[PDB]
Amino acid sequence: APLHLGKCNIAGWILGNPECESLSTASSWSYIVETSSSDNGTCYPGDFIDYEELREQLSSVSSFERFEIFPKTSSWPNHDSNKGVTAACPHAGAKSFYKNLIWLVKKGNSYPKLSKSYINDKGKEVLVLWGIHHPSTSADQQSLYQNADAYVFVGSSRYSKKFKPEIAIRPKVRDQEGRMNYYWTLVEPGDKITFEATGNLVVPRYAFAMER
């Protein structure tokens, strides 16, 4: 039986856009029936990277389990995990954000270097998704992350990328002049994924153990 999506297409659903819960409630499916929308379902403007490849990866799944890869309550003692909400991503009138990610911001006037790792203990491939935020101005950068010159690194045995955000005023999209790009990778069982940042990282909160 196919997986029926609700208000949004695959991007919005997999990121956990508050509006985009599926109509089907299955943990396996033969294919995915999407929606009448032509946008992918991301609420904060930006580009979902390797999107077509993810759609194929999520096409015929035999098991699918959402789990909290980095628990909100215990993963980030040195950063703020409550303030990352936006008018771009509303939930019943209120500023919100994707359920599966956390928009980490500075706590006080401090954003220490974060370093967070996960070793896949699910016994199957784990789909991990994250975001890189590109602020509109220097003040935006400093207001969110304190550090003017930040970087992000994501690494596994299969993946390696260093991100340098570009600070620039883009045209307003849902009132947003910054941009977020969205990334993902599959982590082999027993392999380690490491996140490192001095700012601008939209961290995983929920990931997905799966089998095709």
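Each residue number is its position in the shown sequence, starting from 1.
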{"item": "Between the two ranges 138-146 and 83-91, the one averaging a larger CA B factor in the entry", "value": "83-91"}
{"item": "Given 199-207 and 8-16, the range whose Cα B-factors average higher in the PDB entry", "value": "8-16"}
{"item": "Per the PDB entry, maximal CA B factor within 49, 168, 58, 187", "value": "58"}
{"item": "Residue, from 54, 180, 33, 154, that the PDB entry assigns the highest Cα B-factor", "value": "33"}
{"item": "Among modelled residues of the same chain, the CA temperature factor third for residue 99", "value": "middle"}
{"item": "Record-listed C-alpha B factor of residue 75: chain third", "value": "middle"}
{"item": "Residue 131 - which third its CA temperature factor falls in, relative to the rest of the chain", "value": "lowest"}
{"item": "Record-listed C-alpha B factor of residue 115: chain third", "value": "middle"}
